[PDB]
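Visitor: sequence, then structure. It's an experimental one.
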There are 4 protein chains.
Amino acid sequence: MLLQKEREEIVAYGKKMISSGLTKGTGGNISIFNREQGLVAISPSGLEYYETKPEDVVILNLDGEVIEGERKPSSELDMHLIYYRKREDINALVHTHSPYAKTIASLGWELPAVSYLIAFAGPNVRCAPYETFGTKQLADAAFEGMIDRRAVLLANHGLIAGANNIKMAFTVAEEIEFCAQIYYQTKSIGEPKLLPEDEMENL
Amino acid sequence: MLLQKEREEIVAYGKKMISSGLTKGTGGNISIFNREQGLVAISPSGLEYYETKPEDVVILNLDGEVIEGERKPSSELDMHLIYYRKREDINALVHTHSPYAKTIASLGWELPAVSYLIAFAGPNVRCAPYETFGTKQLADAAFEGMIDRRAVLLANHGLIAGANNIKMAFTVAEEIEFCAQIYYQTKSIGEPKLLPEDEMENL
Amino acid sequence: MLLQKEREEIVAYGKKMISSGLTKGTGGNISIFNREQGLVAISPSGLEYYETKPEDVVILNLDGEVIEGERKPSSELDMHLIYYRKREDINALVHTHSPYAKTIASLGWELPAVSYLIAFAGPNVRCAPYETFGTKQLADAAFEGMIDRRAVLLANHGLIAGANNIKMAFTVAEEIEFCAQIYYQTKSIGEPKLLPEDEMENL
Amino acid sequence: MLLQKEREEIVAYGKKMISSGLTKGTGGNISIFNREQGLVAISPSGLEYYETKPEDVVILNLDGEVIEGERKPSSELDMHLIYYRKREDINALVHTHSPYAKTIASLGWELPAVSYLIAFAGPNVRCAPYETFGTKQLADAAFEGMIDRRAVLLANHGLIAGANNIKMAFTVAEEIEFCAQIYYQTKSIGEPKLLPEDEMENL
Ligand SMILES: [Mn+2]
Ligand SMILES: [Mn+2]
Ligand SMILES: [Mn+2]
Ligand SMILES: [Mn+2]
């Protein structure tokens, strides 16, 4: 099989996603880019994470064509491909439907520097405006909201995080979900203290 | 045994319900309709989900008479039967006592389009007014609140979701509970952005 | 050993308590009364629930004297014994340090009829005023707050629930914790609808 | 190996930390001081807790020099060493990135006597002002905020707890996180009742 290592990683981290509470059901999706070949491994659409085998992962080229795999690729594949076409610093993406990030996103709010952990994404995390699930418009909105960042909130939908490898992409998704929990909880009872921009640069 | 497949599914999804945090104790209940025979399989009353065997599931006809099974059928069976009598698009029901749906229900509020996932149920989810547990009045209220929808909130009680099969009925219950969590959390700190009606139709 | 059945049940339900999120650490405690003998089995003080064996459970008489067992009985034993002396309808007690009940208790608030599940305890659940941990004063406060009820909130501390057997006592503790979660969450965003007194009698 | 017992305990309690929800990812860190030798065992930097073996734990002297171990010691090691240099009552430290403590910390608030469990730390828990992750400035801030206490909140970061042994240090971290949950939840809907200073002394 093509991209064997990547396929195994997508299976492993999909299990980690549902187990960490970062998604519900079969929703959410993960991809890993093999930069040497120009090929993308992506989670299959609508399969349970603990029922997914490496052979179920789908291999795409950057035009969205299936190169290998019998399963349907994630319905959100356009939102993954755009990062591998239009940046060179992202080789893996974790897209979650996680509750605290989705909460901040569904208010249309940015996530400010409520924690030093925000630095996993940047000085803040922007909120991309709503676009329809599974469309190129949403792919554009996600990418544009994530410029010079490693994560972006998706209004009324969730979060996507990217990094140089899958371990770091997952770390960014999990730590930014945690930051969103802190922002939601502090805003529930008061006004959080925020870190200054130069400290966020320092970090 | 009658409805063997359905019995096995009710056992499996009952375990999924308690494990997903969608109910407490022995509360909540699941049914599956065999349309070909006019028979309903339903979870037994007051049994622990991880102690339930396929033989413990009870088979009813549409008049509420026990056709097969030694256990007492769910005390909420009237609220299940009404859907199999008065609609033709529902073949399975998942009734939960889940916290975020019950929260919105106990305010007497509808659940509006805070997420694209609301479309699993419809353009919104209504709240049926309170009626006493285990009665035909509650069955009527649930059904009437769920007209042209796949889920309804039950004031001071919980949620019921229905669909063409048990996998989809469970999916609707879990995703609408998640939507209720987002609505509760956003309303705690601000005013959520809602999706327009034509987008909900689009979805 | 004396009260073998009761000892095994205390071990089993202690595990259920920590696993259900109804307590933290070694805190909380469970007792079961053998009415025929006038003997009380109670969880040992400061032992981890998954490290507790039936022989670790302590047997007391109604004067608080150790009849059998090498372990120290729960430091909260006075709050258990009073129910077995001064009522005849309670044969088991589950005392939790659970977050939503403790939240309502730490405001000094009663828990009103926000759910039909409140009927597991009565028409409402009172809040006993604060008294020092491990004292007879707290035992008196708990008992007095629980008159004609199967549960009571303990200000800045937790909850105790009692019933005719251990399965029902645990059920009351878990369902009243759930009701407290609904009350906390509804009060966070609005004013919950409450069930009328005659309906609570009906239930 | 040096400090074998301590190494095994750090592995065990690191697993307990992630499993109790007291940290995310590889963040957080635990140390145990061998007072007889003047040596500190500390969790390694960036290793998954369930992938950590006793040999992965790092042994330091009080000058921060590695005495034994091939792994990099925790990046937060300065915040541990200061307690073993400047107090004599602390022999173990549990540093968490737990959500409710971090919430109160990120508002810059003290945690007052909302529960008798606050007495595990003292009459209250102070909030140390923000200092950069992994620095001696943060070590100083933590220590100074924890004077005459067994825990301190770290603004926009988390919590550290210390005690005479690792079991008690973990207990303090877990129970103070729980107290922070109660404070956050009560403040969300009202004004909590607080215990008086003389009662906190009594406790
Ligand atoms: Mn998505
Ligand atoms: Mn029900
Ligand atoms: Mn207690
Ligand atoms: Mn830290």
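Guide: Sure thing, it's come through. Numbers count the residues shown, from 1 in each chain, chains lettered A, B, ... in the order given. Ligands and ions are numbered 1, 2, ... in the order given.

Visitor: okay, CA-based contacts and neighbour counts for the rest of this
Guide: Fine.

Visitor: any idea which helix or strand carries the residue nearest the centre of chain A?
Guide: In chain A, the centroid-proximal residue (C-alpha atoms, centre = their mean) is residue A:160; its distance is 2.5 Å. According to DSSP states H and E, residue A:160 maps onto strand A:158-163.

Visitor: ok, residue A:196 - how many residues close by?
Guide: Neighbourhood size, residue A:196 [other C-alpha atoms under 10 Å in any protein chain shown]: 12.

Visitor: could I get the full set of strands for chain A?
Guide: A:29-34, A:39-42, A:58-61, A:66-68, A:92-96, A:127-128, A:151-154, A:158-163 (DSSP state E).

Visitor: out of the ones you listed, deepest packed?
Guide: Highest mean neighbour count of the strands of chain A: strand A:151-154, a mean of 31 (counted as mean count of other C-alpha atoms under 10 Å in any protein chain shown).

Visitor: now for that strand, which elements pack on it?
Guide: helix A:99-106, strand A:127-128, helix A:136-145, strand A:158-163, helix A:166-189 (3 or more C-alpha pairs under 8 Å, 6 or more residues apart in numbering or on different chains; DSSP states H and E).

Visitor: let's see it at 7 Å
Guide: Using 3 or more C-alpha pairs under 7 Å, 6 or more residues apart in numbering or on different chains; DSSP states H and E, the elements in contact with strand A:151-154 are helix A:99-106, strand A:127-128, helix A:136-145, strand A:158-163.

Visitor: any part of the last one near chain B?
Guide: No - judged by C-alpha under 7 Å from any C-alpha of the partner chain, strand A:158-163 stays clear of chain B, getting no closer than 9.5 Å.

Visitor: pretty sure the residue nearest to the centre of chain A sits against residue A:94.
Guide: Yes - counting by C-alpha atoms under 7 Å, residue A:160 touches residue A:94, with 5.8 Å between them.

Visitor: give me the common contacts of those two.
Guide: residue A:173 (C-alpha atoms under 7 Å, 6 or more residues apart in numbering or on different chains).

Visitor: now for residue A:50: which residues touch it?
Guide: Neighbour list for residue A:50: residue A:15 [criterion: C-alpha under 7 Å, 6+ apart].

Visitor: can you do 10 Å?
Guide: Residue A:50 is in contact with A:11, A:12, A:14, A:15, A:16, A:18, A:19, A:26, counting by C-alpha atoms under 10 Å, 6 or more residues apart in numbering or on different chains.

Visitor: in helices, which of these appear?
Guide: Of these, the ones assigned to helices by DSSP state H are A:11, A:12, A:14, A:15, A:16, A:18, A:19.

Visitor: give the buried subset of those as a ChimeraX selection command.
Guide: The ChimeraX selection below is limited to those of the ones in helices among the contacts of residue A:50 classed as buried (16 or more other C-alpha atoms under 10 Å in any protein chain shown):
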select /A:11,12,14,15,16,18
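
Visitor: around chain C, which positions in chain A sit nearby?
Guide: Within chain A, the residues that sit near chain C (C-alpha under 10 Å from any C-alpha of the partner chain) are residue A:188.

Visitor: returning to that earlier point: ok, so of the contacts of residue A:50, who is nearest chain D?
Guide: Distances from chain D to these, taken as C-alpha to the nearest C-alpha, are shortest for residue A:16 (11.1 Å).

Visitor: list the contacts of that closest one.
Guide: A:10, A:22, A:23, A:49, A:50, A:170.

Visitor: state the distance from the fourth one to chain C.
Guide: Computed with C-alpha to the nearest C-alpha, to the nearest Å, the distance linking residue A:49 and chain C is 24 Å.
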